[PDB]
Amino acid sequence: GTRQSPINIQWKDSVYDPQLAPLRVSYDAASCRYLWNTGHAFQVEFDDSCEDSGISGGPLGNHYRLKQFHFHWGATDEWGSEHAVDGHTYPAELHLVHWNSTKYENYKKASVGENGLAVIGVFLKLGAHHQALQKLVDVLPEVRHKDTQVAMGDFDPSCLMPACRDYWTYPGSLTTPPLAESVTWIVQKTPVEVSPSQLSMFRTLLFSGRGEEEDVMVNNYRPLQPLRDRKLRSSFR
C-alpha cells in the first residue's frame, strides 16, 4: 500500500507545522492488568473501560484511549528499532498504542478503521539504568514461552517517555498483520536511556510455545518503507 510504516525519518522531508496543539499525555496507572508474551513481543495490557486514560492534542482531533504498549528489538545493541532517524537505528523502540474511542465502538474495530489508532514511538538507547522499566524487566522470566502471562498492577506508561516531548508525525500503518493503514504516528525525537542488562533480558523471550523447539525472540522489527507522497510534520522548528 501507500501509507506503510515504519519509515526513515530524514531532516530534509520534515515540515514544521506551527498549527499543532500541544500534546496532552495522561494515563491512569490503576488501569494496568497484565504483561504477556504475544509470540511477536511482550505487551502490557490495560483495562480501557471508558476512562480519561489516553492522549489528546497534537495531530489528534479527539482523545484516544490507552489500550496497550509493546517493544521491538534486535539480536544486537547495534540495531532493533523499527523507525530510523536519517538512516540511524536504535537498539529498541516502544510502541504506545491508543485507539480512537470517539469514532469507533471498540479497539478491534478501531485498529483496522480509518482513524482508529494513534501510536507514540519512543526510541530506546543504551545508557543509564532505567528504574521504571525495571518493574517490567523483573517479570520477564515468567513469560518466556508465547501466550504466557502474569498479573500486573498500577503502572504509568508516561514513566517510559522522555522529558522533552518534541515529535515527528505522519500517516502510517501497523507494522504487524493485518498491516492496516489506520495509524497516526507520533514519533518522539528524544530517546530514553536504559542499561545493556535491561535490554539483554528482552532477548530471552521466545517465539515458540511450551514444549517446542527453542526459538529465541530477536530481530522482531519490520523493514523500512518509502515515505511516498505523505507529509512528515515536525512539532518543532
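Residue numbers run from 1 along the displayed sequence.
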property: Selected stretch [higher average CA B-factor]: 98-106 or 125-133; result: 98-106
property: Stretch exceeding the other in mean C-alpha B-factor - 49-57, 32-40; result: 49-57
property: Among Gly80, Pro162, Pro157, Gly113 - the residue whose C-alpha B-factor is largest in the record; result: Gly113
property: Of the residues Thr2, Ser5, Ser235, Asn8, the one carrying the largest Cα B-factor as recorded; result: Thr2
property: Modelled-residue ranking by C-alpha temperature factor, third containing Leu179; result: highest
property: Entry-reported Cα temperature factor of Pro226, expressed as the chain third it lands in; result: highest
property: Cα B factor band for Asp166 (lowest, middle or highest third within the chain); result: middle
property: Third assignment of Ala92 from its chain's C-alpha B-factors; result: lowest
property: Among modelled residues of the same chain, the CA temperature factor third for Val85; result: highest
